[PDB]
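Single chain ahead, written as structure tokens, the form deposited in one PDB entry.
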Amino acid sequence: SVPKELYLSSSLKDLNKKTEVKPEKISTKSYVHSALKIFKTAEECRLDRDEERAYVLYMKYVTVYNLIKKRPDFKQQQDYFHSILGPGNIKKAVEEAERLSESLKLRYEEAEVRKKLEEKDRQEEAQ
């Protein structure tokens, strides 16, 4: 009947900042906030034991950090931004990713050779 109450922004120009897909057109602080949400989720998945999703989330976080860290504003205010992030969560993100990737590497080979062993089982004579 009536449009939902404004909650999300104050201007059209502000809403547009959420429509960008190019890093060039995304503020350091946007990504930092996005990174937080990603990190929260990453943790929840690791504990749930979903290695694929957790891995991706940790990695994406790391990929974001490695993208933004080299910007002038981040450099000057890394104190500040590390506050917004979890200080030394970039550390845990890196370590969880290697932990996970080394797990995944093995499980993906496990699934491959099984798949290959599955077919062989089918592919026999039986007169």
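Throughout, rigid core stands for the largest set of C-alpha atoms superposing within 1.5 Å between the two forms. Throughout, we count residues from 1 along the sequence that is shown.
Among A54, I38, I26, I84, the highest C-alpha B-factor recorded in the PDB entry belongs to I84. In the PDB entry, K92 places in the highest third of its chain by CA B-factor. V113: CA B factor lies in the highest third for its chain, per the PDB record. The deposited CA B-factor of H33 belongs to the lowest third of values across its chain.
Residue-level temperature factors show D48 in the highest third of its chain, judged at the C-alpha atom. Per the deposited record, the Cα B-factor of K60 falls in the lowest third when ranked against the other modelled residues of its chain.
Form deposited in another entry: not shown, discussed below.
The two forms, fitted on the rigid core, differ between the shown form and the other one by less than 2 Å at the CA of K105.
With the core held fixed between the shown form and the other one, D14 has its Cα displaced by at least 2 Å.
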